[PDB]
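Asks: When you get a sec, could you give me coordinates for this:
(one chain, ligands or ions: 1)
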Amino acid sequence: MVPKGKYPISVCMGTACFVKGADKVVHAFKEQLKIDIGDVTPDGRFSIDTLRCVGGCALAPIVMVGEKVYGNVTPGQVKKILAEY
Ligand code: FES
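Replies: Numbering: from 1, shown residues only. Structure data below:
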């Protein structure tokens, strides 16, 4: 909402995936938003929520941002894919 939500990003923080210590790496992402007043590059590129993701996906790498579907999640991919976000 404050972050526009151009790319509604779906990030798994579910029970199974979360236990693998993904939280700290997604935390990187959290700060990777780094925002402005709304988002990253005052827009609202990010609209992160779990709810879509955690849907039977993990045997591929999934990262969704809106109708964009990227790879900026948790395990290091964040920083580089942040240039993408
Ligand atoms: S349950 Fe971890 S990826 Fe959609």
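
Asks: from here on, contacts and neighbour counts on C-alpha atoms
Replies: Noted.

Asks: what's the burial count for the closest residue to the ligand within the chain?
Replies: Proximity of the chain to the ligand (Cα to the nearest ligand atom) peaks at residue 54, 3.1 Å away. Neighbour count for residue 54, taken as other Cα atoms under 10 Å: 17.

Asks: try the one 10 residues further on
Replies: The number of residues packed near residue 64 is 22, by other Cα under 10 Å.

Asks: Which residues are in contact with it?
Replies: Taking Cα atoms under 8 Å, 6 or more residues apart in numbering, we find residue 64 in contact with 7-11, 53, 70-71.

Asks: For the spatially closest residue to residue 6 that is not a sequence neighbour, the count of nearby residues, please.
Replies: Residue nearest to residue 6 in three dimensions, not counting chain neighbours: residue 45, with 5.1 Å by Cα to Cα, 6 or more residues apart in numbering. A total of 22 residues lie near residue 45 under the criterion other Cα under 10 Å.

Asks: mind listing what residue 45 touches?
Replies: When contacts are counted by Cα under 8 Å, 6+ apart, residue 45 touches 3-8, 39, 85.

Asks: Done for today, thanks.
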